[PDB]
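Note that ligands are numbered from 1 as they come in the structure, with each ligand's atoms numbered from 1 the same way. Quick note on labels: first sequence line is chain A, next is B, and so on, each numbered from 1. In what follows, every heavy atom counts, from backbone to side chain, and hydrogens, waters and symmetry copies are set aside.
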Protein chains: 2
Amino acid sequence: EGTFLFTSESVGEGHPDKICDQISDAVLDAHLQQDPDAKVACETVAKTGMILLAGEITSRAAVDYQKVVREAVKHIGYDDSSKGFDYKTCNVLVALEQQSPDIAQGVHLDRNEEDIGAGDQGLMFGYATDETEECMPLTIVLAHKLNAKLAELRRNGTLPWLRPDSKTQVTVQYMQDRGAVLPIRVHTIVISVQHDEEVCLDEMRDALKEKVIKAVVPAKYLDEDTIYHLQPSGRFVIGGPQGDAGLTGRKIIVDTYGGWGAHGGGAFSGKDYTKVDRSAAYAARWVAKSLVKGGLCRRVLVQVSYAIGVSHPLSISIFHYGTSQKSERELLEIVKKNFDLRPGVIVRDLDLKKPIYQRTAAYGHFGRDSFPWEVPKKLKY
Amino acid sequence: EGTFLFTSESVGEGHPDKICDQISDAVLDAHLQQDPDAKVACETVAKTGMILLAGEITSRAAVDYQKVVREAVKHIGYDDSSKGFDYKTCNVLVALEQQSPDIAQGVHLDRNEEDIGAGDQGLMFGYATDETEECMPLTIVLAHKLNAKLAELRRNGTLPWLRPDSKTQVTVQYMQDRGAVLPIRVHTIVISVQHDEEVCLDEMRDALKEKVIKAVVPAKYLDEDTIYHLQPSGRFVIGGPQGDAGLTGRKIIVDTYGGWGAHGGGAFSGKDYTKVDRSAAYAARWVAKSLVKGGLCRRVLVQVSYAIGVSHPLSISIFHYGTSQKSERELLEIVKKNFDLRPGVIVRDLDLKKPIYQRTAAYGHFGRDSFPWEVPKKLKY
Ligand SMILES: CSC[C@H]1O[C@@H](n2cnc3c(N)ncnc32)[C@H](O)[C@@H]1O
Ligand SMILES: CSC[C@H]1O[C@@H](n2cnc3c(N)ncnc32)[C@H](O)[C@@H]1O
Ligand SMILES: [K+]
Ligand SMILES: [K+]
Ligand SMILES: [Mg+2]
Ligand SMILES: [Mg+2]
Ligand SMILES: [Mg+2]
Ligand SMILES: [Mg+2]
């Protein structure tokens, strides 16, 4: 009957992969605070009792990695062995070297900033959809908000049995509308969250429905047929890195569009602007959102790609799902006349030397807080 | 004029992320050889001189991790300090614990195999396209074949300056055809490959065009306008983990569809069949390829999703790009009548206790070697 289901997930600040993303971006921010031109490629790994930093940094900054890592873990909420992880007493191991000189010479040494080469080859996508004001899929927006609500109720003490590691998943029934999509109802919600040894399962399931789901999801989307999977494993006392190893860049779909649109594969966290995996994906989001908010499309996917050492993108592509009166070729021409997607120009347009990256590393990089890539460009055409 | 560009990338066996995927799957295979029911979640991290294994394994097998890791690195070709990495002398560190008992009790303990719960929540996609016989995008097929050719010419000694770490990227111009896509020509090729200190840049660029590209890419796709970026960084002597940290699950788009279709975010390597990130993505590929090879569609995207501890998928969705006379609802009904996407049934249909996983961990998991998920199911409708 013209309807379909679509599912997206999100994870909380204490999910072990997301811990790693936040630490990687805390390290990036610490460098950028002192050296705006720091070259940073910081991967983090987390397992029981351990944060390991591994990668490549060339920077004039003097960074105390023990302090930066432990402060990030403190903020997430892992502050006691009873919770499975403690910033005060965990192991922090560092395996960081300089950036390869072969990369440096091929990318940025003795190059004018605007003409810096891409820091790697790769492909990146941006996406926007008019189904929400923030131009994001409803599935992923709701999933993120459910994790944020859990963290809020943990931190305000009203659900003191909550721990930081959580996952959520939202399935929405949609109608198709000339290539655009229209949310109808929420079909299924999953919530799994780490908890203390004392609270019982029925108390948790009742609280997750009444204090989390109902606080977040408009009642108009929930009905007698909605399916709830709340603490479906039955027990989640062991959690965080103790329950599951974490790595940076293992939540790339949570970080972006929740399965909608597409992904080029590259992780965001721990990387400075010369790594186009991040900067060009942010720019592609900016393009996509500019096209939708500018009234040219209702829904759009943008691809860009690069070669290491080369400034201009190798390819740019626009896919509008049939949601514009203009052809995709016409939209591509508008994009090319209004945007300069060299990394050394993106950095200026999106202010990408500013140390705001830890703020991006939970709850998605897009659709929130009026970051520069979320402020549409006025298009001339 | 109805044409568009699309870009995909691939990486070689010695790319540091791919090293980690191959080691993770070597560990999985080693366990499965002795214990077909091993529960494995093995992440690998690589940096200069180091392989670290971190994660969770519960298994009756007795596995010599030092031997398994070093044999995998040997096969890749890192056998001397002059190449940046040596299986004989690198550090192998192990941070492996049992699977969380809370996960085990919620997923598989005291469950009938067919009724085992999904090992996690999540979403997964399968994709197929009739543009090649193997039902894969031409962009990604060509990119993989370029890396395979590099490894072949390295191993046969005809380009003895080659080292194992490589990346390739292919941009194809396509025409749209009633929702299907038709490749026209290759617009741009990138190849970057690690090399010895003695070979010069012009020799490498000439060999990459004449002995690699021309050996792989049909001449009909290459013309006077094709752009070549061969060793675009100018120097790539430092490579492998020394040049760039590697982690398991950081090449998920290379592993799948090269930007085409969609991805749910979950990595494949190092995981047994109860981790639906892998098994349900393989099953979704199997569904998609069955629909295309069965003549029901020319191009199709399949989504499935799960909740931890629950056997049946929470959602199934079919998107045919307009390439079927049947509606998406009709195709979904055909899928539901022909496939059982419980993980404890997928394991039987796709033989997922068999230790063949290291073979999947380079050159893409799909479109090759007639693995069970590549053999179409005959559909009844
Ligand atoms: C199943 S392991 C993958 C993720 O699922 C979550 N998880 C861990 N243990 C459990 C559990 N017992 N029940 C439900 N989810 C869990 C954690 O966020 C982990 O990172
Ligand atoms: C740029 S670092 C990311 C990837 O690019 C490759 N790479 C590393 N060094 C170089 C180099 N000097 N030139 C081109 N590619 C490189 C390696 O495959 C690495 O994993
Ligand atoms: K893991
Ligand atoms: K890296
Ligand atoms: Mg993970
Ligand atoms: Mg990358
Ligand atoms: Mg990588
Ligand atoms: Mg996963």
Element-labelled atoms of ligand 1 that are located less than 4.0 Å from some non-hydrogen atom of A:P16: 20 (O)
Parallel, tilted or perpendicular: rings of A:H144 and A:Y363 (30°, 60°): perpendicular
Close N or O approach (A:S100, ligand 2; < 3.5 Å): no
Worked verdict on A:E56 versus A:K271 for salt bridge (charged side-chain N to carboxylate O under 4.0 Å, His left out): CA-CA 10 Å; A:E56 307 85 32; A:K271 297 178 180 182; over 6 Å; no
Region of A:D165 that comes within reach of ligand 1 [heavy atoms, distance under 4.0 Å]: side chain
Protein contact to atom 7 (N) of ligand 2 [nearest heavy atom, distance to 0.1 Å]: B:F236 CZ, 3.3 Å
Per-atom contacts of ligand 1 with B:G119, taking only distances under 4.0 Å to non-hydrogen atoms: 1 (C)
A:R235, portion touching ligand 1 at heavy-atom distance under 4.0 Å: backbone
Atom indices of ligand 1 within 4.0 angstrom of B:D102 heavy atoms, with elements: 12 (N)
Any N or O of B:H15 closer than 3.5 Å to N or O of ligand 2: yes
Heteroatom test (N, O or S) for A:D277 near the Mg ion (ligand 6), limit 2.8 Å: yes
Residue pair B:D17 / B:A245: nearest heavy atoms and the distance that separates them: OD1-O, 3.9 Å
Closest candidate by heavy atom, reference atom 20 (O) of ligand 1, pool A:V11, A:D17, A:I191, A:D244: A:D244
